[PDB]
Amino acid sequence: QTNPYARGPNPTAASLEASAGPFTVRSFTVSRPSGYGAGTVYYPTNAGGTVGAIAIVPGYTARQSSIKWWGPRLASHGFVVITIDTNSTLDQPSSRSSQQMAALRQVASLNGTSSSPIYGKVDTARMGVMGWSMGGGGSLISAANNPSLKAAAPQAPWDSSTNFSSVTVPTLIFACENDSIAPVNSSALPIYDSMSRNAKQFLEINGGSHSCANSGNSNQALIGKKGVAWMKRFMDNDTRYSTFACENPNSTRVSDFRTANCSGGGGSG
């Protein structure tokens, strides 16, 4: 059967590493944010069907600028993306998760609002979560509390607990080798190791500082390829992306790679 959620052309490494995918992207700022501080919605104008929605949250003290690059990068491959500012820059992870879910709720509401640029563009049954540091911890909390989410891809995550063993959502963890804010061996890696009930992946950027996956980073080719491939594979069920999502990228830019329960296009063996 034709996968009803497949969008865009067959992927190549070059097309996933480029700065933009196939679709034209527009954006708007949310007029009256509902349950969070502010939001920018990125969306494809011509995806060829409804697409899933992804909500992205920054870390402590941080604002949309730190995570903004994901907006165009994901939306140009066929997603509606909302980046947010939290009610307070000093909100903790559980609050960030609530606000993340409120942003997804509002994307669904705008999909139903005839005046909105994303009217009828969203499949509100297919949602994902991303975010940086405390916003990454908030993404994992969102996944733990809302298992119908289709994918999570936090970056340099931190939470006051590293035990995310209840998560059944496919989760890709971006980590930064030299992170001194949320050190990998006390945060991102114990988080990754705690999850035994899901498809999961761990991708650590060689020499990365705590901001190694943020706007302006020097690995947008690899990080953007992996984020889009993960979201395509698991939010769209798009098996064209099974290998890009699950495979070791064999990159000089990677200082650790792990994956579990990720079938990468090799049959049953």
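Don't overthink the numbering: it's just position in the shown sequence, from 1.
Peer 1: Once you work out the mean C-alpha B-factor for both 163 to 171 and 114 to 122 from the entry, which is higher?
Peer 2: It is 114 to 122.
Peer 1: Mean Cα B factor from the PDB record: higher for 188 to 196, or higher for 130 to 138?
Peer 2: According to the PDB entry, the answer is 188 to 196.
Peer 1: Among the choices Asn214, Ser209, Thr29, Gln201, identify the one whose CA B-factor in the record is greatest.
Peer 2: Spelled out: the listed residue with the top C-alpha B-factor is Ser209.
Peer 1: Taking the Cα B-factors listed in the entry, which of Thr239, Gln64, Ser34, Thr61 comes out highest?
Peer 2: Max CA B-factor in the entry, restricted to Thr239, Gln64, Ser34, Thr61: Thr239.
Peer 1: Using the B-factors in the PDB entry, rank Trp70's C-alpha atom against the chain and give the third, lowest, middle or highest.
Peer 2: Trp70: CA B-factor falls in the lowest third of its chain.
Peer 1: By the record's CA B-factor, is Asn178 among the lowest, middle or highest third of residues in the chain?
Peer 2: Its C-alpha B-factor belongs to the highest third of this chain's values.
Peer 1: Using the temperature factors of the C-alpha atoms in this entry, rank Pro154 within its chain: lowest, middle or highest third.
Peer 2: Its C-alpha B-factor, which the entry lists for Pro154, ranks in the lowest third among residues of this chain.
Peer 1: Would you mind ranking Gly78 by its C-alpha B-factor against the rest of the chain and naming the third, lowest, middle or highest?
Peer 2: Top third by C-alpha B-factor.
Peer 1: Could you say whether, by C-alpha temperature factor, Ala38 belongs to the lowest, middle or highest third of its chain?
Peer 2: Tercile = middle for this residue's CA B-factor.
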